[PDB]
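Colleague: Next comes the structure file input-v4.txt, holding compact mmCIF, C-alpha atoms and all ligand atoms.
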# COMPACT_ATOMS: atom_id res chain seq x y z
CA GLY A 1 43.19 63.81 114.65
CA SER A 2 46.54 64.97 113.31
CA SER A 3 48.66 62.74 111.07
CA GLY A 4 51.87 62.64 109.07
CA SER A 5 52.99 62.01 105.49
CA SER A 6 55.95 60.48 103.66
CA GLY A 7 56.99 59.48 100.15
CA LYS A 8 56.46 55.97 98.82
CA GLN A 9 58.70 54.07 96.41
CA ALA A 10 56.65 52.66 93.53
CA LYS A 11 58.23 50.63 90.74
CA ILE A 12 56.32 49.00 87.89
CA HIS A 13 57.54 46.41 85.38
CA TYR A 14 56.31 47.16 81.86
CA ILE A 15 56.95 43.55 80.85
CA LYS A 16 54.89 41.88 78.12
CA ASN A 17 52.80 45.06 78.27
CA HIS A 18 51.95 44.46 81.92
CA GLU A 19 52.14 46.41 85.19
CA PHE A 20 53.62 43.66 87.37
CA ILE A 21 54.21 45.49 90.65
CA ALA A 22 56.52 44.04 93.30
CA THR A 23 54.32 42.47 95.97
CA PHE A 24 54.80 40.14 98.94
CA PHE A 25 52.41 37.18 98.84
CA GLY A 26 52.27 36.18 102.49
CA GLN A 27 50.33 33.17 101.21
CA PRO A 28 51.02 30.54 98.53
CA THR A 29 49.07 32.05 95.63
CA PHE A 30 48.31 30.18 92.41
CA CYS A 31 50.74 31.35 89.73
CA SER A 32 49.55 31.72 86.14
CA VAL A 33 52.72 30.70 84.31
CA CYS A 34 53.94 27.66 86.23
CA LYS A 35 51.01 27.59 88.65
CA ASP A 36 53.12 26.75 91.71
CA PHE A 37 52.52 27.40 95.41
CA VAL A 38 54.62 30.56 95.19
CA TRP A 39 55.82 30.27 98.79
CA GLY A 40 58.58 28.92 101.02
CA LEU A 41 62.08 30.35 100.77
CA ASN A 42 61.90 33.95 102.00
CA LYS A 43 61.19 35.64 98.67
CA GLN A 44 58.58 37.67 96.79
CA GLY A 45 57.09 37.50 93.30
CA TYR A 46 55.08 39.72 90.98
CA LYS A 47 51.43 40.75 90.67
CA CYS A 48 49.83 42.89 87.96
CA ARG A 49 47.69 45.59 89.57
CA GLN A 50 45.80 45.75 86.27
CA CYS A 51 44.68 42.20 85.47
CA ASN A 52 45.67 40.77 88.86
CA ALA A 53 48.12 38.18 87.53
CA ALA A 54 50.33 36.75 90.28
CA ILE A 55 53.51 35.09 89.03
CA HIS A 56 57.03 34.20 90.17
CA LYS A 57 59.92 36.65 89.85
CA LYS A 58 61.37 34.13 87.40
CA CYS A 59 58.10 33.26 85.66
CA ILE A 60 58.10 36.86 84.42
CA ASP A 61 60.68 35.94 81.78
CA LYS A 62 58.55 32.93 80.86
CA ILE A 63 55.20 34.68 80.37
CA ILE A 64 53.91 34.28 76.82
CA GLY A 65 51.44 36.99 75.84
CA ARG A 66 50.28 40.47 76.81
CA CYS A 67 48.15 42.31 79.37
CA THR A 68 44.39 42.72 79.05
CA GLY A 69 43.69 45.41 81.62
CA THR A 70 45.46 48.02 79.51
CA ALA A 71 44.06 50.86 77.41
CA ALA A 72 46.04 51.41 74.21
CA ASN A 73 45.32 52.62 70.67
CA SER A 74 43.39 50.17 68.49
CA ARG A 75 44.99 50.03 65.04
CA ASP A 76 43.63 46.60 64.11
CA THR A 77 41.19 44.37 65.99
CA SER A 78 38.87 41.52 65.01
CA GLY A 79 35.88 42.89 66.89
CA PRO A 80 36.52 45.58 69.52
CA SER A 81 33.81 46.68 71.96
CA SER A 82 34.10 48.91 75.03
CA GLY A 83 32.51 51.88 76.76
ZN ZN A 101 55.23 30.79 88.41
ZN ZN A 102 48.49 42.50 83.44
Rewrite the structure from the file as structure tokens, please.
Ligand SMILES: [Zn+2]
Ligand SMILES: [Zn+2]
Modeller:
Amino acid sequence: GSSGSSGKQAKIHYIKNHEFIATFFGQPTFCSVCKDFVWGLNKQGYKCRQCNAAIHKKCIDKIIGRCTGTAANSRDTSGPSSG
């Protein structure tokens, strides 16, 4: 019944207005930038816990755009709609 507790290191990358959080893809996921297998040589990549965009640690500097699963002020927008 009893249990313990301990801190947890959590680092987020505010790149291209994203939340890419360091994650280990035990399986060859389908990247969004290059769209590679994302597996092989012992290494990890990146995955946005907001829009769920899995990319390579290097593809992060290639990304061309912004995040969608983010709530920020709306100064100008063609046709916004949320609730
Ligand atoms: Zn990639
Ligand atoms: Zn995102």
Colleague: Counting only C-alpha atoms, figure out which residue out of A:50, A:42, A:29, A:81 gets nearest to residue A:13.
Modeller: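 Of A:50, A:42, A:29, A:81, the one nearest residue A:13 is A:50, counting only C-alpha atoms.
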Colleague: Using the file's own x, y and z axes, so that the box edges lie along x, y and z, what centre and edge lengths in Å (one decimal) does a box around every listed atom of stretch 27-44 of chain A get when 8 Å is added on each side? Give it as AutoDock Vina command-line options.
Modeller:
--center_x 55.2 --center_y 32.2 --center_z 93.2 --size_x 29.8 --size_y 26.9 --size_z 33.7
Colleague: Can you pull out every residue with an atom within 12 Å of ligand ZN 102 (chain A)? Use only C-alpha atoms and all ligand atoms and format it as a ChimeraX atom specification.
Modeller: /A:12-21,32,46-55,60,63-71
Colleague: Let's have the selection written as a PDB file, keeping the file's coordinate frame, with C-alpha atoms.
Modeller:
ATOM      1  CA  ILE A  12      56.320  49.000  87.890  1.00  0.00           C
ATOM      2  CA  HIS A  13      57.540  46.410  85.380  1.00  0.00           C
ATOM      3  CA  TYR A  14      56.310  47.160  81.860  1.00  0.00           C
ATOM      4  CA  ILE A  15      56.950  43.550  80.850  1.00  0.00           C
ATOM      5  CA  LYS A  16      54.890  41.880  78.120  1.00  0.00           C
ATOM      6  CA  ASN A  17      52.800  45.060  78.270  1.00  0.00           C
ATOM      7  CA  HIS A  18      51.950  44.460  81.920  1.00  0.00           C
ATOM      8  CA  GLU A  19      52.140  46.410  85.190  1.00  0.00           C
ATOM      9  CA  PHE A  20      53.620  43.660  87.370  1.00  0.00           C
ATOM     10  CA  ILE A  21      54.210  45.490  90.650  1.00  0.00           C
ATOM     11  CA  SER A  32      49.550  31.720  86.140  1.00  0.00           C
ATOM     12  CA  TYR A  46      55.080  39.720  90.980  1.00  0.00           C
ATOM     13  CA  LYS A  47      51.430  40.750  90.670  1.00  0.00           C
ATOM     14  CA  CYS A  48      49.830  42.890  87.960  1.00  0.00           C
ATOM     15  CA  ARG A  49      47.690  45.590  89.570  1.00  0.00           C
ATOM     16  CA  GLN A  50      45.800  45.750  86.270  1.00  0.00           C
ATOM     17  CA  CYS A  51      44.680  42.200  85.470  1.00  0.00           C
ATOM     18  CA  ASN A  52      45.670  40.770  88.860  1.00  0.00           C
ATOM     19  CA  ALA A  53      48.120  38.180  87.530  1.00  0.00           C
ATOM     20  CA  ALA A  54      50.330  36.750  90.280  1.00  0.00           C
ATOM     21  CA  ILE A  55      53.510  35.090  89.030  1.00  0.00           C
ATOM     22  CA  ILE A  60      58.100  36.860  84.420  1.00  0.00           C
ATOM     23  CA  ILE A  63      55.200  34.680  80.370  1.00  0.00           C
ATOM     24  CA  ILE A  64      53.910  34.280  76.820  1.00  0.00           C
ATOM     25  CA  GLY A  65      51.440  36.990  75.840  1.00  0.00           C
ATOM     26  CA  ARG A  66      50.280  40.470  76.810  1.00  0.00           C
ATOM     27  CA  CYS A  67      48.150  42.310  79.370  1.00  0.00           C
ATOM     28  CA  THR A  68      44.390  42.720  79.050  1.00  0.00           C
ATOM     29  CA  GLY A  69      43.690  45.410  81.620  1.00  0.00           C
ATOM     30  CA  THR A  70      45.460  48.020  79.510  1.00  0.00           C
ATOM     31  CA  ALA A  71      44.060  50.860  77.410  1.00  0.00           C
TER      32      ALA A  71
END
Colleague: What is the atom CA of residue A:45 to atom CA of residue A:25 distance in Å?
Modeller: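 Atom-to-atom, atom CA of residue A:45 to atom CA of residue A:25, that is 7.3 Å.
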Colleague: Rank A:83, A:30, A:40, A:77 by their smallest atom-to-atom distance to ligand ZN 101 (chain A), using all atoms listed in the file, and report the top residue only.
Modeller: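 Using all atoms listed in the file, the shortest distance to ligand ZN 101 (chain A) belongs to A:30.
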Colleague: Considering all atoms listed in the file, can you say which of A:31, A:75, A:80, A:37 comes closest to ligand ZN 101 (chain A)?
Modeller: A:31
Colleague: Let me make sure I understand: among A:26, A:3, A:33, A:9, which one has the smallest atom-to-atom distance to ligand ZN 101 (chain A) if we use all atoms listed in the file?
Modeller: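 Between A:26, A:3, A:33, A:9, the residue approaching ligand ZN 101 (chain A) most closely is A:33.
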Colleague: In terms of the shortest atom-to-atom distance over all atoms listed in the file, which of A:74, A:34, A:82, A:22 is closest to ligand ZN 101 (chain A)?
Modeller: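 Answer, going by the shortest atom-to-atom distance: A:34.
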Colleague: Using all atoms listed in the file for the distances, tell me which of A:1, A:28, A:7, A:79 is nearest to ligand ZN 101 (chain A).
Modeller: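 Checking each of A:1, A:28, A:7, A:79 against ligand ZN 101 (chain A), counting all atoms listed in the file, the winner is A:28.
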Colleague: Figure out the distance between atom CA of residue A:24 and atom CA of residue A:61, please, to one decimal in Å.
Modeller: 18.6 Å
Colleague: How many Å lie between atom CA of residue A:59 and atom CA of residue A:41, rounded to one decimal?
Modeller: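 Interatomic distance, atom CA of residue A:59 to atom CA of residue A:41: 15.9 Å.
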Colleague: Would you save stretch 27-71 of chain A from the block above with N, CA and C atoms, as a CSV table (one decimal), in the first residue's frame?
Modeller:
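Result written to decode_3.csv:
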chain,number,residue,atom,x,y,z
A,27,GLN,N,10.9,2.3,-31.2
A,27,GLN,CA,10.6,1.8,-32.5
A,27,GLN,C,10.8,2.9,-33.5
A,28,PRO,N,11.1,2.4,-34.8
A,28,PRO,CA,11.3,3.3,-35.9
A,28,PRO,C,10.1,4.1,-36.3
A,29,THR,N,9.9,5.3,-35.7
A,29,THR,CA,8.7,6.1,-36.0
A,29,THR,C,8.9,6.8,-37.3
A,30,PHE,N,7.8,7.4,-37.8
A,30,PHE,CA,7.8,8.1,-39.1
A,30,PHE,C,8.0,9.6,-38.8
A,31,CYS,N,9.2,10.1,-39.0
A,31,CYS,CA,9.5,11.5,-38.9
A,31,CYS,C,8.6,12.3,-39.7
A,32,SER,N,8.5,13.6,-39.4
A,32,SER,CA,7.7,14.6,-40.1
A,32,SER,C,8.6,15.4,-41.1
A,33,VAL,N,9.8,15.7,-40.7
A,33,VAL,CA,10.7,16.5,-41.5
A,33,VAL,C,11.2,15.7,-42.6
A,34,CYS,N,12.1,14.8,-42.3
A,34,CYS,CA,12.7,13.9,-43.3
A,34,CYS,C,11.9,12.7,-43.6
A,35,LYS,N,11.2,12.2,-42.5
A,35,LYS,CA,10.3,11.0,-42.7
A,35,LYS,C,11.1,9.8,-42.8
A,36,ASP,N,12.1,9.6,-41.9
A,36,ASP,CA,13.0,8.5,-41.9
A,36,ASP,C,12.5,7.4,-40.9
A,37,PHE,N,13.2,6.3,-40.8
A,37,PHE,CA,12.9,5.3,-39.9
A,37,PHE,C,13.1,5.7,-38.4
A,38,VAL,N,14.0,6.6,-38.2
A,38,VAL,CA,14.3,7.1,-36.9
A,38,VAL,C,14.7,6.0,-35.9
A,39,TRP,N,15.6,5.2,-36.3
A,39,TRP,CA,16.1,4.1,-35.5
A,39,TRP,C,17.5,3.6,-36.0
A,40,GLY,N,18.0,2.7,-35.2
A,40,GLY,CA,19.4,2.2,-35.5
A,40,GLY,C,20.4,2.5,-34.5
A,41,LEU,N,21.4,3.3,-34.8
A,41,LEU,CA,22.4,3.7,-33.9
A,41,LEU,C,21.9,4.2,-32.6
A,42,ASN,N,22.3,3.6,-31.5
A,42,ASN,CA,21.8,4.0,-30.2
A,42,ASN,C,21.7,5.5,-30.1
A,43,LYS,N,20.5,6.0,-30.2
A,43,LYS,CA,20.2,7.5,-30.1
A,43,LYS,C,18.7,7.8,-30.0
A,44,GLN,N,18.4,8.9,-29.5
A,44,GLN,CA,17.0,9.3,-29.4
A,44,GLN,C,16.7,10.5,-30.3
A,45,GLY,N,15.5,10.9,-30.3
A,45,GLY,CA,15.1,12.1,-31.1
A,45,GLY,C,14.3,13.1,-30.4
A,46,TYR,N,13.2,13.6,-31.0
A,46,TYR,CA,12.3,14.6,-30.3
A,46,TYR,C,10.8,14.3,-30.7
A,47,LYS,N,10.0,14.6,-29.7
A,47,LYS,CA,8.5,14.4,-29.9
A,47,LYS,C,7.7,15.5,-29.1
A,48,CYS,N,7.0,16.3,-29.9
A,48,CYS,CA,6.1,17.3,-29.3
A,48,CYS,C,5.0,16.7,-28.5
A,49,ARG,N,4.9,16.9,-27.2
A,49,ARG,CA,3.8,16.4,-26.4
A,49,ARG,C,2.5,17.3,-26.6
A,50,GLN,N,2.6,18.2,-27.6
A,50,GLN,CA,1.4,19.0,-27.8
A,50,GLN,C,0.7,18.6,-29.1
A,51,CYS,N,1.5,18.5,-30.2
A,51,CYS,CA,0.9,18.1,-31.5
A,51,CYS,C,1.3,16.7,-31.8
A,52,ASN,N,2.2,16.1,-31.1
A,52,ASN,CA,2.7,14.8,-31.3
A,52,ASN,C,3.5,14.6,-32.6
A,53,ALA,N,4.5,15.5,-32.7
A,53,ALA,CA,5.3,15.5,-33.9
A,53,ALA,C,6.7,14.9,-33.6
A,54,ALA,N,6.9,13.7,-34.0
A,54,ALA,CA,8.2,13.0,-33.8
A,54,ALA,C,9.2,13.3,-34.9
A,55,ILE,N,10.3,13.8,-34.5
A,55,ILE,CA,11.4,14.2,-35.5
A,55,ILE,C,12.7,13.8,-34.9
A,56,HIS,N,13.7,13.9,-35.8
A,56,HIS,CA,15.1,13.6,-35.4
A,56,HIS,C,15.8,14.8,-34.7
A,57,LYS,N,16.7,14.4,-33.8
A,57,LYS,CA,17.4,15.5,-33.0
A,57,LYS,C,18.0,16.5,-33.9
A,58,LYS,N,18.3,16.1,-35.2
A,58,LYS,CA,18.9,17.0,-36.2
A,58,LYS,C,17.8,17.7,-37.0
A,59,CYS,N,16.7,17.0,-37.2
A,59,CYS,CA,15.6,17.5,-38.0
A,59,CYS,C,15.0,18.7,-37.3
A,60,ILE,N,15.3,18.9,-36.1
A,60,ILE,CA,14.7,20.0,-35.3
A,60,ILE,C,15.2,21.3,-35.9
A,61,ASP,N,16.4,21.4,-36.4
A,61,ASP,CA,17.0,22.6,-36.9
A,61,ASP,C,16.6,22.7,-38.4
A,62,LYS,N,15.8,21.7,-38.9
A,62,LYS,CA,15.3,21.8,-40.3
A,62,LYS,C,13.9,22.2,-40.3
A,63,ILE,N,13.1,21.8,-39.3
A,63,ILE,CA,11.7,22.1,-39.3
A,63,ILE,C,11.4,23.5,-39.9
A,64,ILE,N,10.3,23.6,-40.6
A,64,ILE,CA,10.0,24.9,-41.2
A,64,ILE,C,8.5,25.2,-41.0
A,65,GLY,N,8.2,25.9,-39.8
A,65,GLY,CA,6.9,26.2,-39.5
A,65,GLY,C,6.7,26.5,-38.0
A,66,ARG,N,5.5,26.2,-37.5
A,66,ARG,CA,5.3,26.5,-36.1
A,66,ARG,C,4.4,25.4,-35.5
A,67,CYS,N,4.1,25.4,-34.2
A,67,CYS,CA,3.3,24.4,-33.6
A,67,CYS,C,1.8,24.8,-33.7
A,68,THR,N,0.9,23.8,-33.6
A,68,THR,CA,-0.5,24.0,-33.7
A,68,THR,C,-1.2,23.8,-32.4
A,69,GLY,N,-0.7,22.8,-31.6
A,69,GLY,CA,-1.3,22.6,-30.3
A,69,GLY,C,-0.8,23.5,-29.2
A,70,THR,N,-0.9,24.8,-29.6
A,70,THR,CA,-0.4,25.9,-28.6
A,70,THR,C,-1.4,27.0,-28.5
A,71,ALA,N,-1.7,27.5,-27.3
A,71,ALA,CA,-2.6,28.5,-27.1
A,71,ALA,C,-1.9,29.9,-26.8
